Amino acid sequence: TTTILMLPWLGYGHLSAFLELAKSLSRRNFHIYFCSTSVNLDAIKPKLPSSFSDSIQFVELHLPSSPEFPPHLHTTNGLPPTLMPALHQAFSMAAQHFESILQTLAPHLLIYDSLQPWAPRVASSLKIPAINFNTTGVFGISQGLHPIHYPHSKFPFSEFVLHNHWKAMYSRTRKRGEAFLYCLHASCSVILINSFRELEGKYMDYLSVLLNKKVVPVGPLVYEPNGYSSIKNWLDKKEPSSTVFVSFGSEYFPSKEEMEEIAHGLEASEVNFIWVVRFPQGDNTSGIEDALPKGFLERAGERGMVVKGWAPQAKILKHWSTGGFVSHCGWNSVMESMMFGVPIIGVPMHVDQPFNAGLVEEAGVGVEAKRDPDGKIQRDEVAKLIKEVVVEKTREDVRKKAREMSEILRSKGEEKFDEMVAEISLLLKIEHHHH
C-alpha cells in the first residue's frame, strides 16, 4: 500500500481542501497520514466520516509554545490578525519535529501546501518525493507572475485590472512571494491545483509555461455536509432567491468602518440577509450590537438575521431562499457558490481574494463591488449590486451562468482524480529506479 503524508497550511480553508483530497486518495487505495496542529485536527475531524478511520490517520505537528502563544492559537481560524506573523514563524519552527515524523512514518510521498518551503527541503533530505498541492486557484498566481517578466505586455486572455489598493499592498512582501513560488517551483514533477479547466484552463496552461512545471487540476474539492434548524425556520418563511448570505471566511475580521459600509449597503438594498459576524479569539469587547451601526438590526427587523461565530455556510447556500452570496471571495467559498449555483457579490479583502473576484467577474458567475480610489468599500456599490442581482433581478445572466456552472460541476465524478493518481504512480516508479 502506498502511503502519503499530507501537510496543509494551518488555515481552515487549506485544511478543508487537503481533507477532501485525502478522502479521494483513500478511495484510490492510498493510506493517508494527515498532519497538522492539534487545534486544527480538532476542527477538521468532524468532517471525516467513520468509514475512513482505517485509511486516514491524523498526526500531530508540534509548534513552539508559550503562555503568550499557546497551542489553541496555532491556527489562522479566528486568530487575531496581529498574531499572523508569529503563526508563520512558529510554523517554520516545526521543521525539526516534521523531520522526526517523516523519519518515524517513512511515507512514500509528501503532499505539502504552498506556505512551507522547509517541507520539500526536509523531504528531499530523507529521499521522500514531495508534491505541492495548492488549494487556491491559478488566476491570481499567473496575474501576479506575468508582470514581473513582462511589465510592458498585457496579460493574455483577460481584461482584469488589479485595483491600486492591492497593488500598493503587494508592492518582506518579496520574501513571502519568493517562499510561496518556491513551494510551487520545488514540487516534484507536477503541481496539484484545486481548480478545474472549465473555469481556469487557459490560465493553468499559461502558469505552467511561466513556471516551466506541469500543472494538474484536482477539481473543485467542495465539502458537502449531511444551528441550521433555527436558520432553516427563518429561511423557510422567505420568498425563493430573495436572501443573501454574508460571510468573510475563517481568518478575516472586517473593521468597524468596513462593517458600517456592508451594513448600510444591506439596509439600502432591502434584501433579506443572514450575516455571520465574528470576533478574534481574544477580543473581550465582542458585541454584535456594538460592531454594527446603531439601530441596524431593529430597522432591518424581519429581513435581517446575524449569526455569531460560525454559520452552516454550505447548508445556507443550498437553501432555495438564497439568491446571492456577499463573499470575501476566499477560494473555497467561491467553489461552493458555483457548486450550489449561487451568484456571488464579491467584496474581496486581501491575499488572493481580489484576483478571485476578478475571475468570478470574468466567468460571469458573479459581480464585484468596486472599492473607492482610496481602497474603501462603498455602501452604494454593495446596495446597487444586491439590488440588481437579487432584489430586482435585472442581472439574470449572472444567475444563469452560476446555474450552468453548477450543472457542470455536479456532472464531475471520481475521474477528476485520474490524472493526479497516474502522475503520483509514475513519479514513484521513476524515483524507485533512481533510489
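The first residue of the shown sequence is 1; numbering continues from there.
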Per the entry, how many deposited residues between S171 and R172 lack coordinates? The answer is 4 to 9
For 209 to 217 versus 290 to 298, entry-based mean Cα B-factors point to 290 to 298
Got a sec? Mean C-alpha B-factor, which is higher, 233 to 241 or 319 to 327?
233 to 241
Given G346, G140, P151, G249, identify the residue with the highest C-alpha B factor in the PDB entry.
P151
Selection from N226, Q96, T76, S187 [criterion: highest C-alpha temperature factor in the record]:
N226
Going by what the PDB entry lists, where does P280 fall on CA B-factor within its chain: lowest, middle or highest third?
highest
C-alpha B factor of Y203, ranked within the chain: lowest, middle or highest third?
middle
Thinking about Cα B factors across the chain, which third does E178 belong to?
middle
Place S255 in the lowest, middle or highest third of its chain's C-alpha B-factors, as listed in the PDB entry.
highest
Of the three thirds of its chain by CA temperature factor, lowest, middle or highest, which one includes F340?
middle
